[PDB]
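What follows is a set of notes on a single structure, which appears directly below.
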Protein chains: 4
Amino acid sequence: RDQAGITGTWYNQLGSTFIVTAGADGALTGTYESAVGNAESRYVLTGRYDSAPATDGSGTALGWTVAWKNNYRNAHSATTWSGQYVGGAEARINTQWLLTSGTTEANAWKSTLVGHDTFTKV
Amino acid sequence: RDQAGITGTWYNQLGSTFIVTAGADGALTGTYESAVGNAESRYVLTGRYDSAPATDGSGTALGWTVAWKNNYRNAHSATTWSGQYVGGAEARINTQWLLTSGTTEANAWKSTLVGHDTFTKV
Amino acid sequence: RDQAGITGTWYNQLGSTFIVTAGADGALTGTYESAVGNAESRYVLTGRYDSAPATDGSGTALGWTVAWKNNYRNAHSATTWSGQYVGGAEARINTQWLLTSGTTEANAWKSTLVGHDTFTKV
Amino acid sequence: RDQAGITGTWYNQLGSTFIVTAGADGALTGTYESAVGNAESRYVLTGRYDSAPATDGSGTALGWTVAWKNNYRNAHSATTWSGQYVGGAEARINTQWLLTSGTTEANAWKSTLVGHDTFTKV
Ligand SMILES: O=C1N[C@H]2[C@H](CS[C@H]2CCCCNC(=O)c2ccc3c(c2)C(=O)c2ccccc2C3=O)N1
Ligand SMILES: O=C1N[C@H]2[C@H](CS[C@H]2CCCCNC(=O)c2ccc3c(c2)C(=O)c2ccccc2C3=O)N1
Ligand SMILES: O=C1N[C@H]2[C@H](CS[C@H]2CCCCNC(=O)c2ccc3c(c2)C(=O)c2ccccc2C3=O)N1
Ligand SMILES: O=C1N[C@H]2[C@H](CS[C@H]2CCCCNC(=O)c2ccc3c(c2)C(=O)c2ccccc2C3=O)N1
């Protein structure tokens, strides 16, 4: 599997830092530090990955969540990243993400941002 | 907070069943059973929620992930749901989701489905 | 085809009004009036639809765009709706949408909202 | 405005070709040729852009639609791209997109792909 390939420190195009441990069972646990937004220091993350991916050259599906509350700040929001790990000399995690803020019902139509992050080991 | 409001069994518009425990610290843990797709029985989920939401009538941001591997099937894919819990007499979890499949690099452009699920307690 | 089924006035869950003419060639032209956001009166829309859909009970794919500039306001943003028309006694257009604002490069990560609108004829 | 900056031929990361004319009034018209998918030759596109963007360094919001029917093929689907044009020496159009296929109601949950394309003039 890709437990060893996924475990470690990853960096996205914004300079954010994603530190993760992949468990043998499919668990992802770690911390996230965003270079942008209403965020400071590390936030807990948890997620899941496919611990027995296909053997045909396909990537490894995974996802995780951060709720943007820690001991320093609370942005009343959560981001989920959904994507796939691609191994090899220039390994990457290619993701799309959804960032939902708590809103009133009147403002729920503008609650959710969407974007895409690519994580590398360098 | 909404630990007690979120903890329990939820059902979406497709007939899927979302069983979750909210921890005092922001953790979400539980199981998901999809009424649709290449899925059978329960799958592990994990996520996060805002354990100290705003007090102005806003919803409570949260997200979770399921990797679609269990002891029965492996769809080589993962879904993340990002959304907000809205309390009250007809409590709901309103979500948008991203479902990424592991793909070859040539097919990565068609790796990710997007949709929206509303969960109720009934 | 669904030229006659799509042409006319549609209303979404927010109270917005979508007035459209479907051309024999796949064109969509009309106006949109949003019940929410930094918007007033009607805005031009244009789009495309599948003018020869499948005959197996599938919906009819379509999409359109509004740039949120008219003679009254300019929100420096554009929404695209992507979805499908479903005919019958309770015809609907089920959509997902992406609303991008012009931003500086530093803020591009938070440029795009995502949501979902359902349009009915009533 | 950016009528002259947007008008012309653009290429994305997949090798697709986007040929567009921007009108003084906010119109986008042209053709799209996809390097991937169930697509051959050129397809009509139409969209809208902000013809009076902010002057603070922000990008120019725009969107367009392609229904994937032409004289050669019909994929019973439509893509909308929502994004912003960024001018300068290395001008770009940064987009996110939604690709909806016509589906039966039972399959509507898996009707829509999401992705991101960056277009350059080179
Ligand atoms: O590494 C990274 N960093 C970024 C990406 C995805 S997570 C993100 C880092 C997130 C850090 C905590 N939230 C914020 O600061 C934040 C700032 C502004 C907005 C929101 C959140 C938000 O919810 C929102 C929702 C709906 C309409 C508008 C808005 C906003 O205007 N990748
Ligand atoms: O309760 C629920 N159930 C559903 C929603 C969101 S999770 C979903 C249940 C998911 C169950 C496991 N996956 C599947 O069966 C599955 C079936 C078909 C496709 C995919 C996955 C997929 O990745 C995909 C990605 C890119 C292009 C096309 C495709 C597919 O054509 N809410
Ligand atoms: O009928 C409808 N009405 C609505 C939906 C989809 S179109 C929408 C109506 C749109 C009317 C013109 N824009 C706005 O007022 C507007 C207001 C607030 C925001 C934005 C735009 C925006 O871009 C944005 C982008 C990124 C981060 C945060 C933000 C915002 O906070 N369906
Ligand atoms: O330049 C480009 N090219 C690409 C991107 C965005 S447009 C795209 C080019 C599109 C060309 C016409 N459609 C296709 O061939 C096509 C192929 C496979 C699928 C679909 C469409 C689809 O709807 C879909 C929807 C829901 C679940 C699964 C599926 C598919 O598995 N940028």
Side-chain angles (χ1 to χ4, degrees), chain C residues 2 25-29 32 43-70 74-86 88 92 94-108 111-114 116, chain D residues 2 25-29 32 43-70 74-86 88 92 94-108 111-114 116:
Chain C
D2 309 295
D25 61 327
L28 299 178
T29 69
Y32 199 97
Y43 294 82
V44 171
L45 73 89
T46 187
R48 307 286 296 163
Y49 77 107
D50 179 3
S51 58
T55 61
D56 60 3
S58 296
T60 299
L62 57 75
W64 68 93
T65 305
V66 171
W68 295 108
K69 175 183 180 301
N70 65 11
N74 190 349
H76 304 304
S77 57
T79 304
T80 63
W81 290 258
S82 182
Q84 61 183 315
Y85 160 84
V86 183
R92 292 123 50 214
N94 296 319
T95 75
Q96 298 189 87
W97 53 254
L98 295 168
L99 165 49
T100 307
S101 293
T103 65
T104 61
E105 286 168 71
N107 293 329
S111 65
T112 310
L113 294 165
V114 60
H116 47 97
Chain D
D2 309 295
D25 61 327
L28 299 178
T29 69
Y32 199 97
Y43 294 82
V44 171
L45 73 89
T46 187
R48 307 286 296 163
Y49 77 107
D50 179 3
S51 58
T55 61
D56 60 3
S58 296
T60 299
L62 57 75
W64 68 93
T65 305
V66 171
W68 295 108
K69 175 183 180 301
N70 65 11
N74 190 349
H76 304 304
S77 57
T79 304
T80 63
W81 290 258
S82 182
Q84 61 183 315
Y85 160 84
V86 183
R92 292 123 50 214
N94 296 319
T95 75
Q96 298 189 87
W97 53 254
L98 295 168
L99 165 49
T100 307
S101 293
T103 65
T104 61
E105 286 168 71
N107 293 329
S111 65
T112 310
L113 294 165
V114 60
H116 47 97

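Side-chain atoms are counted along with the backbone in the values below, which use heavy atoms only and exclude waters and symmetry mates. Each chain gets a letter, A, B and so on, in the order the sequences are listed, and its residues count up from 1.
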Problem set entry | Minimum-distance pair of heavy atoms, taken over all atoms of D:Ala78 and C:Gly63 | CB-N, 4.3 Å
Exercise. How would you list, by chain and number, every residue that makes a side chain to side chain contact (heavy atoms under 4.5 Å, CB included) with D:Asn94, sequence neighbours excluded?
Worked result: D:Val86, D:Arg92, D:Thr118
Seminar exercise, completed: In terms of heavy-atom contacts, C:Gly102 and D:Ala61 come closest through N-CB, 4.0 Å
Seminar exercise, completed: Note: vs chain D, highest number of non-hydrogen pairs under 4.5 angstrom among C:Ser77, C:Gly26, C:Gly83, C:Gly47 is C:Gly83
Exercise. Nearest heavy-atom pair of C:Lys69 and D:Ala52: which atoms, and what distance?
Worked result: CE-CB, 3.6 Å
Problem set entry | Any residue meeting ring-ring contact (aromatic ring centres under 6.0 Å, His included) with C:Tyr85, in chain and number order, not counting sequence neighbours | none
Exercise. Will you find, in the side chains of D:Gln84 and C:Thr103, an N or O donor that is under 3.5 Å from an N or O acceptor?
Worked result: yes
Exercise. With only heavy atoms counted, which part of D:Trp81 is less than 4.5 Å from chain C, the side chain, the backbone, both or neither?
Worked result: backbone
For this session: Would you indicate whether the side-chain heavy atoms of C:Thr65 and D:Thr80 approach each other to under 4.5 Å?
Result: no
For this session: Could you check which of C:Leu99, C:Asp56, C:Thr100 has the highest count of heavy-atom pairs closer than 4.5 Å to chain D?
Result: C:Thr100
For this session: For chain C, find which of D:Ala108, D:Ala27, D:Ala54, D:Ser58 contributes the most heavy-atom pairs closer than 4.5 angstrom.
Result: D:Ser58
Exercise. Which bit of C:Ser51 comes within less than 4.5 Å of chain D, counting heavy atoms only: side chain, backbone, both or neither?
Worked result: both
Exercise. Would a 4.5 Å heavy-atom cut-off, applied to side chains only, mark D:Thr46 and C:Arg48 as touching?
Worked result: yes
Problem set entry | chain C interface, residue from D:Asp50, D:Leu62, D:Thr60 that has the most non-hydrogen pairs under 4.5 Å | D:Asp50
For this session: Against chain D, work out which of C:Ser101, C:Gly57, C:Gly59, C:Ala106 has the most heavy-atom pairs shorter than 4.5 Å and name it.
Result: C:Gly59
Exercise. Side chain, backbone, both or neither: which part of D:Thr95 has a non-hydrogen atom closer than 4.5 Å to chain C?
Worked result: neither
Exercise. Is a side-chain N or O of C:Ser82 found less than 3.5 angstrom from the main chain of D:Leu98, in a donor-acceptor match?
Worked result: yes
Problem set entry | Part of D:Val114 lying under 4.5 Å from any heavy atom of chain C | neither
